[PDB]
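J.: Below is the sequence, then the experimental coordinates.
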Amino acid sequence: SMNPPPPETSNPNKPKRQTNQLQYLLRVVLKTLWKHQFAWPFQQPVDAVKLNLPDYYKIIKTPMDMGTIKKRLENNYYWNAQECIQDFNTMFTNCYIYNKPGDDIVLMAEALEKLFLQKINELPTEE
Ligand SMILES: O=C1CCCN1c1cccc(NS(=O)(=O)c2cccc(F)c2)c1
């Protein structure tokens, strides 16, 4: 029932870069999803205490949220686009694992994921 430390967003000895694809993931992908009417449950780590989800972090062992992704992008935490793409996919998958079909939160994730997929389809080639 207690909350874990959030995923890290800073790690000085981790290798990191700026790439044009990572710039796109911030300026286009993250910004598109962040402004969406259904973004709010995903804009910070799941607070299992406030939301009364005592089993959440017993089930979800790789938590991820857009708050974390946003900070990672702003802090240039990533080495490549695939790392960031994986974080988004982890976020969506967690939602589908924990919840059941047709739940409001799943409909919300599905809407965000559709947009995500549309934007990642237009990911620029590197350099
Ligand atoms: O699985 C995840 C990923 C992010 C949040 N989340 C989740 C899952 C179950 C319940 C709740 N609690 S809630 O108040 O934020 C809530 C309730 C009903 C609908 C809705 F959209 C939002 C949140």
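T.: Good, I have the coordinates. Numbers count the residues shown, from 1 in each chain.
J.: contacts, neighbours, all on C-alpha from now
T.: Will do.
J.: So for stretch 71-88, first residue to last residue, what's the gap.
T.: One end of stretch 71-88 to the other measures 13 Å (Cα to Cα, to the nearest Å).
J.: Say whether the ligand is contacted by that stretch.
T.: No: using Cα under 6 Å from any ligand atom, stretch 71-88 stays clear of the ligand, with a minimum separation of 11.9 Å.
J.: tell me how far that stretch is from the chain's mean position?
T.: Relative to its parent chain, stretch 71-88 has a centroid offset of 9 Å by Cα atoms, centre = their mean, to the nearest Å.
J.: hmm, who's touching it?
T.: 9-11, 14-19, 21-22, 25-26, 64-66, 69 (Cα atoms under 8 Å, 6 or more residues apart in numbering).
J.: Can you select the buried ones from those in ChimeraX?
T.: Per 16 or more other Cα atoms under 10 Å, the buried members of those correspond to this ChimeraX selection:
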select :9,19,21,22,25,26,64,65,66,69
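J.: Could you list which of the contacts of stretch 71-88 also contact the ligand?
T.: With Cα under 6 Å from any ligand atom as the criterion, the contacts of stretch 71-88 include none near the ligand.
J.: What about the contacts of stretch 71-88, which are in strands?
T.: Among the contacts of stretch 71-88, none falls in strands (DSSP state E).
J.: With only the CA atoms kept, save the helix or strand harbouring residue 31 in PDB.
T.: Assigned by DSSP states H and E, residue 31 belongs to helix 31-34. Provided in PDB are the C-alpha atoms of helix 31-34 (Å, rounded to 0.1, in the frame of the first residue of the first chain):
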ATOM      1  CA  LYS A  31       3.400  17.900 -25.900                       C
ATOM      2  CA  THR A  32       0.500  16.300 -27.900                       C
ATOM      3  CA  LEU A  33      -0.300  13.800 -25.200                       C
ATOM      4  CA  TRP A  34       0.300  16.200 -22.300                       C
END
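J.: Next, the buried residues of that helix.
T.: Neighbour-count burial for helix 31-34 flags 32-34 (criterion: 16+ other Cα under 10 Å).
J.: Need those in CSV (columns: distance to residue 40).
T.: Below are those laid out as CSV (distance: Cα to Cα, whole Å):
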residue, distance to residue 40
32, 13
33, 10
34, 8
